[PDB]
Amino acid sequence: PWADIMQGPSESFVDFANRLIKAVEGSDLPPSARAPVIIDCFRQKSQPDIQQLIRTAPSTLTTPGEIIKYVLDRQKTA
Amino acid sequence: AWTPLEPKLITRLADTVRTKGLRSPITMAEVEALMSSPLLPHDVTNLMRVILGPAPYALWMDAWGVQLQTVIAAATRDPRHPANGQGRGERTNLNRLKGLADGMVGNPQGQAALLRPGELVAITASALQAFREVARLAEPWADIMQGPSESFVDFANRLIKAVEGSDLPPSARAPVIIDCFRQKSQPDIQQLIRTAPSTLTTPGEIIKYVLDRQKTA
Amino acid sequence: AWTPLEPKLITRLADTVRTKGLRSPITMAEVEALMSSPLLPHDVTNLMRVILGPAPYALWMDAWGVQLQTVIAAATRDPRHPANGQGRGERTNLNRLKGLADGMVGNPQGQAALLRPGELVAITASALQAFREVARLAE
Amino acid sequence: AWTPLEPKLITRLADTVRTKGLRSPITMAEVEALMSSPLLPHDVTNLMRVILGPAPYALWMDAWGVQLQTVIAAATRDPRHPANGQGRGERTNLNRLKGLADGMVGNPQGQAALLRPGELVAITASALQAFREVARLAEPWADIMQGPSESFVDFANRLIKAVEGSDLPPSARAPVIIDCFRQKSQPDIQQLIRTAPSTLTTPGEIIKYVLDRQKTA
Amino acid sequence: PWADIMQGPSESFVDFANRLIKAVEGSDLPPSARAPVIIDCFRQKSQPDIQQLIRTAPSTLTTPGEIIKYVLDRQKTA
Amino acid sequence: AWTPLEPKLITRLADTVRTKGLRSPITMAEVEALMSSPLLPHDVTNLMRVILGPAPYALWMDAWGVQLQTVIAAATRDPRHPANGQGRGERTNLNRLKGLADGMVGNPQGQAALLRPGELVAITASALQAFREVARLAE
Amino acid sequence: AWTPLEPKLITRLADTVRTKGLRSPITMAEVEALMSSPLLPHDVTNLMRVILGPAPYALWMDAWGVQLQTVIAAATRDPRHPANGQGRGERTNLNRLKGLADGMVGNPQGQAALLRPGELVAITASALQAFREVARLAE
Amino acid sequence: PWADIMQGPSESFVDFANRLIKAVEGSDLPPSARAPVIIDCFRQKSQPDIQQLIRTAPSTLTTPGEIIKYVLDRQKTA
Amino acid sequence: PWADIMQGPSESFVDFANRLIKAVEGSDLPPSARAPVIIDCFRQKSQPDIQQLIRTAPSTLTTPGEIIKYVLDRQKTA
Amino acid sequence: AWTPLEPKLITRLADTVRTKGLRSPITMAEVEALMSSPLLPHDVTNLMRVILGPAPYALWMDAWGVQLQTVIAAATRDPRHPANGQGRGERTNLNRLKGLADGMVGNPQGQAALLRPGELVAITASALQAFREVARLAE
């Protein structure tokens, strides 16, 4: 179930994005509703450090690929 | 007439990407191999759908679009593009490049019918550059030190890897590699390079000199 | 027309170099095998980029340049080089050997167009000797 | 007519070199100041004899000779040198540049008589470049870290100083300074630079951004 | 008096913002000088935790509403 | 002719917002009730000044401006806006929407004189959407 | 003919900047003093290299570029700029303002030859404004 | 006296070179005999670490400045 | 036998070189194989201090005479 | 016609070198004595083979080669060398000086036939200087 996917405290972001995109594209949603759902799940899941990282984006991110690129650039190396 | 790529080659390439990663030189060589004949947008799109995961595939779609847009800007900046024609009726729109134009959506046969060879090679080069960008993006040189027990060839391999797989310009890699050989590479090799009667002006020459005069231990 | 080497053979050769090393006689035999047809500078350059690590690749670039320079000295010492021609307009510069000349930089098709078979075999022998030197030097 | 430089200015410059050193930007500015009018070999030779110690003076004589030899090679490579003439009888030998030619040894008046203005400016530029070389030689960027208690402007000053006063090419200083800002500069500022909504492509822009958004403490 | 308004140690930020905007708009300042004054009072008043929170803003905040939104997002829940 | 809203209704709505909050469905229903007739910029501005605190009022001014700008972009994207006219001389500027145009600043009578009914309904819908945004943002 | 600024004045100004700082009114007065005659890009560049530290010098290069770009935008917005000419062949490019144009790179004599007095005063005012910005930013 | 100058166990090399060049140039030697004497004093004084450093010079050093530059380059940082 | 010649712990280097060159030239080797053998015996015999001295030669020594000269220059006086 | 040096004188000189050493003034005087008449490369080579040990002989071969190379550089710098001739066909190669040229290898009679007296005196002076260098180097 896509709506139950959370980014674990120790999980990296690319694994979380892979799992989420897999569960959203392999589901019962229409094809035209996958990108907005993936974006809004990146924003509300993806534990509050990345949540604030996406929130304070000086540019407007309108695509899952752009969000992934931005987060991978500005992520907290740890 | 359109002929699909072998699923055996595609499966082997997918497993190569799965084990070696996106950035290994063997993987880029394999991609260049399967990028030899000019591919139709359908072929490259399905290829990247199969070999790349979901998130790298999204990144690659973005990068491919950006590179194709740069190509179309250069095309409107020069009416002699091998994708363009002489009159204005042959100007190539992004719907024709991404395979979204009329008579092409989902049909590879019609795609191969209406597309130009210049269109195909431009699409292919754009896709290759986008793959390179995404590979460089998906996965620090100034923090590399030669360990107390590490050999010098391992340190040189690690350093050259991290310097060439970084964000430096191509014309700034050799001086950085040299100056990192001189300041890293624990003080025995530092003094060995310092007291070089000849002037070493290349990483290969420094490596050869150090391998010759190194303290066998 | 340029045809690339199989990435399957290149992957097998890379794993051979990874397990057996650079100096084993089986590795040199495999390199001689993949060095059978005269290769263009693009082919040999990418091959050494893939099979060799970063530091051995730097060493190999150095050694290849030195051997090509010896070849060009022998070429200016004999106007009957299979890479040269009879007139002075066919003299072969190192930009043409290393693939740096005009119409060749980054393009293997144009490379295969302008290059001579003698040029190709000289480049290939030079690359093989450079590989031997670097293998003897690395370990 | 030859006029000597003031011993007061020379004494002040010597004390500047004594307190600030050879490589400080104020010292190089003062040398450029006293290197304004084209000097005769006698003037520059005595100036370097007075302001430099014995060993730096030996080094400077060596470097000046090498630079003058490069100048004479360029002069024999171009008959239109402002020191040369059109015919072969005006070709300038190193004895005339170093002040060793006939009618010049030890006599500044005769020196000023026979020398050309192009000769003077070439000698002067050669001496300035030699001074720069010796100053860079007489007295490590990749070992610079921002201390736990150090401010960011001090760290940036130290890093830019060590990078610009090093053996790197001029075209490789800005990328190195940027990549050292990103990997040094302890992880709070590292994350501050990483999460930059804009792309910072200049050390000045990075410094401005960090100074704006820094944690006041 | 607007220039004497400080955020108390126990006061929330929305109460402080309400009080400050009230005192600044109900004062003798020209209409074109209220927003810059409100911003610069948010930055120098509003006890040093929120001061540092506003200082380390990756984006440039150029409006009292934007500053209020940012602070309400990233405030220390307590 | 301009008629003001009853201060009794405004006081009741202010106390509703004070006890129930900004986001309760009863509060949104009450706002929709007092948002029934098309209001002039003066009316909505004073209403939000009274019912909202200082910080929510700043947020609401921001959001109202943004929504009005979207409306004006749609208006320049379609010359058939009920606020626009057919010729270019009836194009509606943001000074006329926010009540800042000439003959309107501070005067509700002149405001009601020069404004169009389409202008009024667009301003009203914009203010309602801005209130929804701020209510979703405040808590 | 180009005449350099006295290194004595430059040394005194550098020590003034060292003791008083960048923002003191005495320092700005001294800079205005040494900014009296229109300077060539070489002069201002070397002056800021000597009086400013490395990081303030980087900041000043950035700010000077931005201000010169604003000047060039105003210049393309008005063909009557004292740096411009009447025809299109006298339009002033940023390579000519920053001293990067042909016949100017590293040579102050040629610089003084090809530059216009309007060019010089515009460069000087731009450099002064950039110095003010950097001084306000550094402390 | 120039012929009594030794590089101390703790003294740096530039101080030793300064002292030696001072004592040699401020002495009774002819001007044409100072450079060879300075070189041969660099080689025989200047305690055996620097002695061996100068001895094993792949290039031939024929000037006090060149010897000083070489030693400063390849000296044992300590 | 040349292949059994070692430099003794107390023996000087010129004596060792004399003994080695004597035994190599007065042996059954071809004339064209004496110099490489003498060099490679200098490198592997000649106890590890001189071994490291020859190893760390900034120049390439390609003759027994050159090796002897280099070692005599940079040898540890004792 | 070639006449060999007496083995009695050579034995006495060898014992002198054995007891007094290479650097004694008596030894250098004796060498100058046996270096009086211009010797052929064969004579000097055998003389140094007999009087010098193996390692000094290697050093002396090196030094003799270097000095002969300096002589040949001076010879190509002056066509009036007593070893050279006027035309280019008499230019003296190092194979002719070291006795390696055609018709000379191992044969002292042919050597004495083809060699010039200037060649002989140059070879002799070169050998004497090389002996001096090696003697100064050995101890």
# chains A, B, ... in the order shown; residues from 1 in each chain; ligands from 1
call {"tool": "residues_around", "arguments": {"residues": "residue F:34", "least_positions_apart": "4", "cutoff": "9 Å", "atoms": "only C-alpha atoms", "output": "ChimeraX atom specification"}}
result
/F:5,9-10,13,29-30
call {"tool": "write_last_selection", "arguments": {"atoms": "N, CA and C atoms", "output": "compact mmCIF listing (two decimals), in the first residue's frame"}}
result
# COMPACT_ATOMS: atom_id res chain seq x y z
N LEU F 5 -21.92 46.33 6.30
CA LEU F 5 -22.37 45.15 7.01
C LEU F 5 -22.67 45.50 8.46
N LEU F 9 -23.54 41.40 13.28
CA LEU F 9 -23.11 40.19 12.58
C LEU F 9 -21.59 40.06 12.61
N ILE F 10 -20.88 41.17 12.44
CA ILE F 10 -19.42 41.12 12.44
C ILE F 10 -18.90 40.75 13.82
N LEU F 13 -19.51 37.03 14.25
CA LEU F 13 -18.55 36.27 13.46
C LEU F 13 -17.16 36.33 14.08
N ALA F 29 -18.67 28.09 7.18
CA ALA F 29 -20.06 28.33 6.79
C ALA F 29 -20.49 29.75 7.12
N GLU F 30 -20.11 30.25 8.30
CA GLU F 30 -20.44 31.62 8.66
C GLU F 30 -19.77 32.62 7.72
call {"tool": "closest_atom_pairs", "arguments": {"of": "chain E", "to": "chain F", "cutoff": "12 Å", "atoms": "only C-alpha atoms", "output": "CSV"}}
result
residue,atom,partner,partner_atom,distance
E:13,CA,F:55,CA,9.7
E:14,CA,F:55,CA,6.5
E:15,CA,F:55,CA,8.4
E:16,CA,F:55,CA,9.3
E:17,CA,F:55,CA,6.1
E:18,CA,F:54,CA,4.6
E:19,CA,F:54,CA,7.7
E:20,CA,F:54,CA,8.7
E:21,CA,F:54,CA,6.3
E:22,CA,F:54,CA,6.6
E:23,CA,F:54,CA,10.3
E:24,CA,F:54,CA,10.9
E:25,CA,F:54,CA,9.9
E:26,CA,F:54,CA,11.6
E:35,CA,F:58,CA,10.4
E:38,CA,F:58,CA,11.3
E:62,CA,F:62,CA,11.8
E:63,CA,F:62,CA,8.9
E:64,CA,F:58,CA,7.2
E:65,CA,F:59,CA,5.0
E:66,CA,F:59,CA,7.8
E:67,CA,F:59,CA,10.0
E:68,CA,F:55,CA,7.4
E:69,CA,F:59,CA,7.9
E:70,CA,F:137,CA,11.1
E:71,CA,F:138,CA,11.7
E:72,CA,F:138,CA,8.4
E:73,CA,F:137,CA,9.4
call {"tool": "write_last_selection", "arguments": {"atoms": "N, CA, C and O atoms", "output": "mmCIF file, in the first residue's frame"}}
result
data_model
loop_
_atom_site.group_PDB
_atom_site.id
_atom_site.type_symbol
_atom_site.label_atom_id
_atom_site.label_comp_id
_atom_site.auth_asym_id
_atom_site.auth_seq_id
_atom_site.Cartn_x
_atom_site.Cartn_y
_atom_site.Cartn_z
ATOM 1 N N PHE E 13 5.161 33.146 19.487
ATOM 2 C CA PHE E 13 5.596 34.059 18.436
ATOM 3 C C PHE E 13 4.432 34.764 17.759
ATOM 4 O O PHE E 13 4.587 35.902 17.311
ATOM 5 N N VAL E 14 3.268 34.121 17.669
ATOM 6 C CA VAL E 14 2.136 34.771 17.016
ATOM 7 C C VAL E 14 1.605 35.910 17.875
ATOM 8 O O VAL E 14 1.181 36.945 17.353
ATOM 9 N N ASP E 15 1.632 35.753 19.200
ATOM 10 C CA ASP E 15 1.238 36.859 20.069
ATOM 11 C C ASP E 15 2.200 38.027 19.936
ATOM 12 O O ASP E 15 1.778 39.187 19.863
ATOM 13 N N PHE E 16 3.501 37.741 19.904
ATOM 14 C CA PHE E 16 4.486 38.800 19.738
ATOM 15 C C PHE E 16 4.311 39.503 18.399
ATOM 16 O O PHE E 16 4.363 40.736 18.325
ATOM 17 N N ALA E 17 4.083 38.739 17.334
ATOM 18 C CA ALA E 17 3.870 39.341 16.022
ATOM 19 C C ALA E 17 2.607 40.186 16.000
ATOM 20 O O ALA E 17 2.597 41.272 15.416
ATOM 21 N N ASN E 18 1.531 39.710 16.631
ATOM 22 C CA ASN E 18 0.303 40.494 16.693
ATOM 23 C C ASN E 18 0.541 41.812 17.408
ATOM 24 O O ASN E 18 0.164 42.880 16.910
ATOM 25 N N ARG E 19 1.171 41.752 18.582
ATOM 26 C CA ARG E 19 1.420 42.961 19.356
ATOM 27 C C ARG E 19 2.293 43.940 18.583
ATOM 28 O O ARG E 19 2.015 45.146 18.548
ATOM 29 N N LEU E 20 3.340 43.435 17.934
ATOM 30 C CA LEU E 20 4.262 44.304 17.218
ATOM 31 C C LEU E 20 3.598 44.943 16.006
ATOM 32 O O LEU E 20 3.761 46.141 15.765
ATOM 33 N N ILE E 21 2.861 44.160 15.218
ATOM 34 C CA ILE E 21 2.207 44.726 14.045
ATOM 35 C C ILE E 21 1.154 45.740 14.462
ATOM 36 O O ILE E 21 0.994 46.788 13.827
ATOM 37 N N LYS E 22 0.434 45.460 15.552
ATOM 38 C CA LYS E 22 -0.525 46.421 16.074
ATOM 39 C C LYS E 22 0.152 47.737 16.428
ATOM 40 O O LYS E 22 -0.285 48.805 15.986
ATOM 41 N N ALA E 23 1.227 47.675 17.215
ATOM 42 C CA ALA E 23 1.878 48.901 17.663
ATOM 43 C C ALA E 23 2.565 49.639 16.525
ATOM 44 O O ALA E 23 2.700 50.863 16.586
ATOM 45 N N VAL E 24 3.003 48.934 15.485
ATOM 46 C CA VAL E 24 3.667 49.610 14.380
ATOM 47 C C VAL E 24 2.653 50.256 13.451
ATOM 48 O O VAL E 24 2.864 51.376 12.977
ATOM 49 N N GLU E 25 1.534 49.584 13.183
ATOM 50 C CA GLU E 25 0.545 50.158 12.279
ATOM 51 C C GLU E 25 -0.280 51.239 12.958
ATOM 52 O O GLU E 25 -0.782 52.144 12.283
ATOM 53 N N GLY E 26 -0.444 51.164 14.273
ATOM 54 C CA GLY E 26 -1.132 52.212 14.996
ATOM 55 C C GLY E 26 -0.178 53.236 15.571
ATOM 56 O O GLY E 26 -0.272 53.583 16.753
ATOM 57 N N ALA E 35 6.445 48.071 6.789
ATOM 58 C CA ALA E 35 6.956 46.729 6.515
ATOM 59 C C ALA E 35 8.441 46.594 6.827
ATOM 60 O O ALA E 35 8.813 45.637 7.529
ATOM 61 N N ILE E 38 8.783 46.479 10.592
ATOM 62 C CA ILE E 38 8.290 45.233 11.170
ATOM 63 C C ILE E 38 9.292 44.112 10.946
ATOM 64 O O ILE E 38 9.558 43.309 11.847
ATOM 65 N N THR E 62 11.327 38.743 2.555
ATOM 66 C CA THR E 62 11.185 40.153 2.214
ATOM 67 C C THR E 62 9.776 40.650 2.500
ATOM 68 O O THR E 62 9.267 41.546 1.822
ATOM 69 N N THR E 63 9.124 40.078 3.507
ATOM 70 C CA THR E 63 7.746 40.418 3.839
ATOM 71 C C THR E 63 7.433 39.878 5.224
ATOM 72 O O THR E 63 7.871 38.770 5.555
ATOM 73 N N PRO E 64 6.715 40.623 6.067
ATOM 74 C CA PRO E 64 6.383 40.086 7.396
ATOM 75 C C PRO E 64 5.594 38.789 7.340
ATOM 76 O O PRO E 64 5.809 37.910 8.180
ATOM 77 N N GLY E 65 4.697 38.638 6.367
ATOM 78 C CA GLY E 65 3.946 37.399 6.258
ATOM 79 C C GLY E 65 4.832 36.202 5.967
ATOM 80 O O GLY E 65 4.647 35.127 6.539
ATOM 81 N N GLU E 66 5.815 36.376 5.081
ATOM 82 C CA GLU E 66 6.728 35.286 4.763
ATOM 83 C C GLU E 66 7.584 34.913 5.966
ATOM 84 O O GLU E 66 7.825 33.729 6.221
ATOM 85 N N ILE E 67 8.049 35.911 6.716
ATOM 86 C CA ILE E 67 8.822 35.626 7.919
ATOM 87 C C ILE E 67 7.974 34.867 8.925
ATOM 88 O O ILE E 67 8.434 33.911 9.560
ATOM 89 N N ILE E 68 6.716 35.283 9.092
ATOM 90 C CA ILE E 68 5.837 34.615 10.044
ATOM 91 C C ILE E 68 5.604 33.171 9.625
ATOM 92 O O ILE E 68 5.653 32.255 10.454
ATOM 93 N N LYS E 69 5.363 32.943 8.334
ATOM 94 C CA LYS E 69 5.147 31.584 7.849
ATOM 95 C C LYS E 69 6.376 30.715 8.078
ATOM 96 O O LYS E 69 6.268 29.583 8.566
ATOM 97 N N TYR E 70 7.557 31.229 7.731
ATOM 98 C CA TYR E 70 8.792 30.472 7.912
ATOM 99 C C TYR E 70 9.006 30.115 9.376
ATOM 100 O O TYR E 70 9.324 28.962 9.710
ATOM 101 N N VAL E 71 8.836 31.089 10.268
ATOM 102 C CA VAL E 71 9.075 30.836 11.682
ATOM 103 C C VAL E 71 8.057 29.847 12.225
ATOM 104 O O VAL E 71 8.391 28.977 13.032
ATOM 105 N N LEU E 72 6.801 29.954 11.789
ATOM 106 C CA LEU E 72 5.791 29.013 12.262
ATOM 107 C C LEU E 72 6.075 27.604 11.772
ATOM 108 O O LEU E 72 5.793 26.632 12.481
ATOM 109 N N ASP E 73 6.637 27.468 10.571
ATOM 110 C CA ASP E 73 7.011 26.148 10.082
ATOM 111 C C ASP E 73 8.140 25.552 10.914
ATOM 112 O O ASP E 73 8.016 24.440 11.441
#
call {"tool": "select_by_dssp", "arguments": {"residues": "chain A", "states": "alpha helix (DSSP H)", "output": "PyMOL selection string"}}
result
chain A and resi 13-25+34-44+48-55+64-74
call {"tool": "atom_distance", "arguments": {"atom1": "atom CA of residue D:120", "atom2": "atom CA of residue D:82"}}
result
9.8 Å
call {"tool": "residues_around", "arguments": {"residues": "stretch 43-53 of chain B", "least_positions_apart": "4", "cutoff": "6 Å", "atoms": "only C-alpha atoms", "output": "JSON, numbers by chain"}}
result
{"B": [14, 39, 57]}
call {"tool": "write_last_selection", "arguments": {"atoms": "C-alpha atoms", "output": "compact mmCIF listing (two decimals), in the first residue's frame"}}
result
# COMPACT_ATOMS: atom_id res chain seq x y z
CA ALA B 14 20.60 -4.56 -16.94
CA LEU B 39 17.87 4.35 -31.99
CA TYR B 57 14.50 6.84 -14.79
call {"tool": "residues_around", "arguments": {"residues": "stretch 208-210 of chain D", "least_positions_apart": "2", "cutoff": "12 Å", "atoms": "only C-alpha atoms", "output": "number ranges by chain"}}
result
D: 151-153, 156, 181-182, 185, 188-206, 212-216; E: 55-60; G: 55-56, 58-60, 62-63, 133-139
call {"tool": "residues_around", "arguments": {"residues": "residue J:37", "least_positions_apart": "2", "cutoff": "12 Å", "atoms": "only C-alpha atoms", "output": "VMD selection string"}}
result
chain J and resid 2 to 5 31 to 35 39 to 40 43 to 44 117 120 to 125
call {"tool": "write_last_selection", "arguments": {"atoms": "N, CA and C atoms", "output": "mmCIF file, in the first residue's frame"}}
result
data_model
loop_
_atom_site.group_PDB
_atom_site.id
_atom_site.type_symbol
_atom_site.label_atom_id
_atom_site.label_comp_id
_atom_site.auth_asym_id
_atom_site.auth_seq_id
_atom_site.Cartn_x
_atom_site.Cartn_y
_atom_site.Cartn_z
ATOM 1 N N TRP J 2 103.456 -0.145 -35.976
ATOM 2 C CA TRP J 2 103.146 -0.077 -34.557
ATOM 3 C C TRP J 2 104.186 -0.846 -33.754
ATOM 4 N N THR J 3 104.694 -0.218 -32.699
ATOM 5 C CA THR J 3 105.598 -0.869 -31.764
ATOM 6 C C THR J 3 104.985 -0.851 -30.372
ATOM 7 N N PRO J 4 104.878 -1.991 -29.700
ATOM 8 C CA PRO J 4 104.254 -2.005 -28.379
ATOM 9 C C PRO J 4 105.178 -1.424 -27.322
ATOM 10 N N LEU J 5 104.565 -0.966 -26.238
ATOM 11 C CA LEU J 5 105.330 -0.517 -25.086
ATOM 12 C C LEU J 5 105.957 -1.717 -24.387
ATOM 13 N N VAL J 31 103.201 8.372 -15.334
ATOM 14 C CA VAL J 31 102.191 8.263 -16.382
ATOM 15 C C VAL J 31 102.485 9.246 -17.502
ATOM 16 N N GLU J 32 102.842 10.485 -17.156
ATOM 17 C CA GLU J 32 103.256 11.450 -18.168
ATOM 18 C C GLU J 32 104.446 10.938 -18.968
ATOM 19 N N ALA J 33 105.360 10.226 -18.307
ATOM 20 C CA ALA J 33 106.506 9.648 -19.001
ATOM 21 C C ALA J 33 106.059 8.609 -20.019
ATOM 22 N N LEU J 34 105.256 7.639 -19.587
ATOM 23 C CA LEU J 34 104.736 6.640 -20.513
ATOM 24 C C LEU J 34 103.651 7.196 -21.427
ATOM 25 N N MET J 35 103.288 8.468 -21.276
ATOM 26 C CA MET J 35 102.336 9.133 -22.155
ATOM 27 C C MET J 35 103.039 10.140 -23.056
ATOM 28 N N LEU J 39 99.997 7.679 -28.402
ATOM 29 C CA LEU J 39 99.621 6.276 -28.361
ATOM 30 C C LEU J 39 98.345 6.037 -29.156
ATOM 31 N N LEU J 40 98.232 4.833 -29.701
ATOM 32 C CA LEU J 40 97.009 4.428 -30.368
ATOM 33 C C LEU J 40 95.988 3.984 -29.334
ATOM 34 N N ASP J 43 96.878 0.958 -27.471
ATOM 35 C CA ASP J 43 97.929 1.060 -26.464
ATOM 36 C C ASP J 43 97.382 1.594 -25.151
ATOM 37 N N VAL J 44 96.670 2.722 -25.200
ATOM 38 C CA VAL J 44 96.169 3.332 -23.974
ATOM 39 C C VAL J 44 95.160 2.414 -23.302
ATOM 40 N N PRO J 117 97.987 11.922 -36.853
ATOM 41 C CA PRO J 117 98.750 12.326 -35.662
ATOM 42 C C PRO J 117 97.972 13.251 -34.746
ATOM 43 N N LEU J 120 95.838 11.094 -32.757
ATOM 44 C CA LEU J 120 96.579 10.412 -31.706
ATOM 45 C C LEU J 120 96.824 11.329 -30.517
ATOM 46 N N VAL J 121 97.237 12.572 -30.776
ATOM 47 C CA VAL J 121 97.529 13.469 -29.659
ATOM 48 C C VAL J 121 96.249 13.863 -28.932
ATOM 49 N N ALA J 122 95.133 14.003 -29.653
ATOM 50 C CA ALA J 122 93.872 14.307 -28.984
ATOM 51 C C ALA J 122 93.425 13.147 -28.102
ATOM 52 N N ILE J 123 93.501 11.920 -28.624
ATOM 53 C CA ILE J 123 93.180 10.743 -27.823
ATOM 54 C C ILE J 123 94.066 10.684 -26.587
ATOM 55 N N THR J 124 95.356 10.976 -26.752
ATOM 56 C CA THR J 124 96.289 10.886 -25.636
ATOM 57 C C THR J 124 95.981 11.920 -24.561
ATOM 58 N N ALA J 125 95.740 13.170 -24.962
ATOM 59 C CA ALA J 125 95.401 14.202 -23.987
ATOM 60 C C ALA J 125 94.087 13.884 -23.284
#
call {"tool": "closest_residue", "arguments": {"among": "H:11, H:49, H:3, H:39", "to": "chain D", "atoms": "only C-alpha atoms"}}
result
H:39
call {"tool": "atom_distance", "arguments": {"atom1": "atom CA of residue B:135", "atom2": "atom CA of residue B:22"}}
result
5.3 Å
